[PDB]
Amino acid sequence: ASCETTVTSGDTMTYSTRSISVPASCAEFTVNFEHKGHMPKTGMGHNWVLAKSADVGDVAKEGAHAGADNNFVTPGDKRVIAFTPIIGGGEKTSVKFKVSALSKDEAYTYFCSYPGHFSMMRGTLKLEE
């Protein structure tokens, strides 16, 4: 469908894709996020969080202290452009954001903010005209 992608995860520290392109003719963009694990497992919860590449470390290290009830993202953090809740095996979620929040000229990284995952679990997002 036009302005959307699907990203999956499972019982590993990797997303299904390391690159996402957002068409600049979109007004809104939807990221569908699936966890293909079979059951909820310790240390295997995942989400999808978007920020400028320079902000990743700060957002994740601060977000870790937000707790599981806040989905490991600091409430109301302006560095976070969009995020999904933490999901476990068998679940799915979605986040829709405005394309006007993005800039060509800026560098973006999506990552998982479950404690410790952000180092390996990440990818690049680009606004493509």
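Residue numbers run from 1 along the displayed sequence.
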| query | finding |
| --- | --- |
| Higher-B stretch (mean Cα B-factor, as the entry records it), 64 to 72 or 98 to 106 | 98 to 106 |
| Between 36 to 44 and 77 to 85 (mean CA B-factor, as deposited), the higher | 36 to 44 |
| Where the record places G10 (Cα B-factor, split into thirds across the chain) | lowest |
| B-factor third for the C-alpha atom of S19 within its chain | highest |
